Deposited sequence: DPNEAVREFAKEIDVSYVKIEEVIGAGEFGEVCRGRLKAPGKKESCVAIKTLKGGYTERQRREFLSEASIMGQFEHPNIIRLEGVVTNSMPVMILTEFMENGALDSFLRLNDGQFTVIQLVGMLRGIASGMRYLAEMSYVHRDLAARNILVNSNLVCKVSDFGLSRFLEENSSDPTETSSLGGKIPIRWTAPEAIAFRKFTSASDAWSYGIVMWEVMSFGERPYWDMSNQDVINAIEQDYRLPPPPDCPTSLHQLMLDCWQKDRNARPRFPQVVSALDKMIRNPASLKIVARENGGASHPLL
């Protein structure tokens, strides 16, 4: 896919499941240089590493991480994506706690919902939608990546392993809560089993401090026990668009 000579690996910036994550530069003939993130890498594990790229490579949308390419005819094996300067959304928000406006946070959430709308339209169920799996660029554009997390997972998906775009809608509601809380951990220190039991017994997370009531009600809609009752992602995006166009709605807390 990509000639290794076109890749310049700079600073190590993270650790992933199979190895390091680096910042670097991609420069192909006829194209301007671009800034990339690079994951560097068993066989079964090699196919497990590269599977992320083949899934990612199916997609083209401004809120889904762009695959720039792979290095697989050389070693180390590599996956290159567009560089997302602010990294993962949960830790980015914790660093900036209280420092973005409600309208900014809704804009982030709208971008995440558009991504998910596109995945669902493609019949792709994510199963691992969480703030930690969303990356943020220098213009605050949020992009879904990562291609059972109990506290993010719908009760029917936990109980019956039934994963659908409607179980992703449940997870999206949890991401809304993460965002509006500036990256707090869902259900704080409750154990996984306590979370399962609480949800089955009708507990739902409360509105984060300063959270508009209209956003918390959207979270509650996403967390309906009946999966058919949850909003689909087009309705989620349209709900956020209405809130953005009519921002007075976001003042009631």
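- The deposited chain is incompletely modelled, with C-alpha atoms absent over 1-11, 53-56, 163-184, 291-302.
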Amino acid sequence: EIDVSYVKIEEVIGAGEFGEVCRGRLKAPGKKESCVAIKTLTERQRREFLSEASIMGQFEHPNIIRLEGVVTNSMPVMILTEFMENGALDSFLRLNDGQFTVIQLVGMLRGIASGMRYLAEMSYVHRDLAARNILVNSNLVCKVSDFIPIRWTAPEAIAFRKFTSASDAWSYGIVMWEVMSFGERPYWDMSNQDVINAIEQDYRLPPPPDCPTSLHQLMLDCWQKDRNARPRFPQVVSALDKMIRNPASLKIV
From here on, numbers count along this sequence of modelled residues.
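Under this definition, the rigid core comprises the largest set of C-alpha atoms superposing within 1.5 Å between the forms.
- Of the two stretches examined, 70-78 and 151-159, the one with higher mean CA deviation in 5 other deposited structures of this protein after a rigid core fit is 70-78.
- Across the superposed structures in 5 other deposited structures of this protein, aligned by the core, the stretch whose Cα atoms lie more distant on average is 9-17, chosen from 236-244 and 9-17.
- Stretch comparison (74-82 versus 163-171) by mean CA B-factor in the PDB entry places 74-82 on top.
- When the mean C-alpha temperature factors of 110-118 and 148-156 are read from the deposited coordinates, 148-156 comes out higher.
- Residues shown: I65, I55, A37, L215. Highest C-alpha temperature factor in the entry: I55.
- Within the listed group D221, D189, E200, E184, the record reports its top CA B-factor for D189.
- Remark: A15 belongs to the highest third of its chain, ranked by C-alpha B-factor as recorded.
- The deposited CA B-factor of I9 belongs to the highest third of values across its chain.
- When the modelled residues of the chain are ordered by their C-alpha B factor, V236 lands in the lowest third.
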